[PDB]
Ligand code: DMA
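This document starts with one chain, in the form solved without this ligand, laid out as structure tokens.
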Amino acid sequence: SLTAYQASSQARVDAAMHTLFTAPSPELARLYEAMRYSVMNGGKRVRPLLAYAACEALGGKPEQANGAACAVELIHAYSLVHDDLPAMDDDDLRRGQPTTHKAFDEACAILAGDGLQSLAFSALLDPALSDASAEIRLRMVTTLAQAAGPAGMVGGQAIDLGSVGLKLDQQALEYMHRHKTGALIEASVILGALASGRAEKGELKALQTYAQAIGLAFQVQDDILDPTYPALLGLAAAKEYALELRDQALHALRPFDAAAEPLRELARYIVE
């Protein structure tokens, strides 16, 4: 069961993010309210969960990864605010409640997303949210900018938009997913690992292998619960593929002890 670990992760990151959303002046209140609305929506905080779990897998205290956890959630939240816009996916609703541009307006939602990306970087380097060494933290910000930007998440979003009118094979679908969601999932694990201050070369490699497998497993399983994997492979083959990806993620964690159990539970959870 992932229930207890999800609850602890959600509570920890929500409490850490609390301070980030108070406006320094009344003039800025609406902007900060719109950012709060975009993050404090009851979200499951899978990306924070991954950062905390990676940090603990390497012997770190989970709060060591607060900066990592806030950063990846803030990037995730900004991406959704922009994804919802009329020019993008055009959603009036998310999670049954109005999207940010509907509750506020389009301009406010564009700016809320832009400010959330900046806040993600601020959170990464905030001394109240962590304490890693300077060369380690350099790896942190570099990793987040690469994962979030035009060669990672934003790139994936652009590939998705560009895939309208095209007929994608498995390789093309996987490439798009690896960028659109895989990059930030991988950054979540790698940032958490780094936050422990204890992350070696071999451990990080195995955690990368784990992270890429769970990144795809999420997407394959999303399609199963709903170009898709069941269409390209067949439902039976897609179901099989989801289990294979989970097994790949688990196999990557074979070198680790019991402290990596939450990461194992997350992999199992995906296909349950």
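Residue numbers run from 1 along the displayed sequence.
From this point on, the text means the form deposited with this ligand bound, which you will not see here.
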{"property": "Options 198 to 206, 161 to 169, 86 to 94, 102 to 110; stretch whose heavy atom lies within 4.5 Å of this ligand in the deposited complex", "result": "86 to 94"}
{"property": "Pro230 within 4.5 Å of this ligand in the deposited complex, heavy atoms", "result": "no"}
{"property": "Non-hydrogen atom contact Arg178 with this ligand in the deposited complex at 4.5 angstroms", "result": "no"}
{"property": "is_contact(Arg246, this ligand) in the deposited complex, heavy atom dist at most 4.5 Å", "result": "no"}
{"property": "Distance check, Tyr241 to this ligand in the deposited complex, heavy atom within 4.5 Å", "result": "no"}
{"property": "Candidate from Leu80, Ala120, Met140, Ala132 lying within 4.5 Å of this ligand in the deposited complex - any heavy atom", "result": "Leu80"}
{"property": "Contact residue in the deposited complex, from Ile185, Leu74, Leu194, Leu144 (heavy atom within 4.5 Å of this ligand)", "result": "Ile185"}
{"property": "Residues in 6 to 44 close to this ligand in the deposited complex, defined by a heavy atom within 4.5 Å, in order", "result": "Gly43, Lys44"}
